[PDB]
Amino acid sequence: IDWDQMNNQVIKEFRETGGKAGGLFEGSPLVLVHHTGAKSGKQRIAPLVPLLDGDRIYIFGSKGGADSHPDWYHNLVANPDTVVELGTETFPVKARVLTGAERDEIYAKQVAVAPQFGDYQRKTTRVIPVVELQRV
């Protein structure tokens, strides 16, 4: 499975369907998150599965339960003013890293939607980040 090629194809499908990617992605929550390299300044787009809790948008640095954070997490910490595409809209956001009880409560809500997040946190002692993409 070529994930790098399938990234650009997913971005295309998302944009052409108004954020309603089809096929095997049909029912998944999905956002396109732009992120700028902490060192390079190079911009990339990450299709990510968010928690859409009411009108708020959260993303999770699970990386499959790896012992490292995903690059997009470090990029949003360094450059939190970015853009997200959700549905038919694109809007400026400020990334906010959750901590403490708020982070635990949001993580638990995601475990309730997608139980693999329980496994991911069991697999590493790294605290998996929760990032709110706050609409500006």
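We number the residues from 1 along the sequence you see.
The PDB entry records a higher mean C-alpha B factor for 31-39 than for its counterpart among 67-75 and 31-39. Judged by mean Cα B factor in the deposited record, 6-14 ranks above the other of 121-129 and 6-14. Among the modelled residues of the chain, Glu26 sits in the highest third by CA temperature factor in this PDB entry. When the modelled residues of the chain are ordered by their C-alpha B factor, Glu85 lands in the lowest third.
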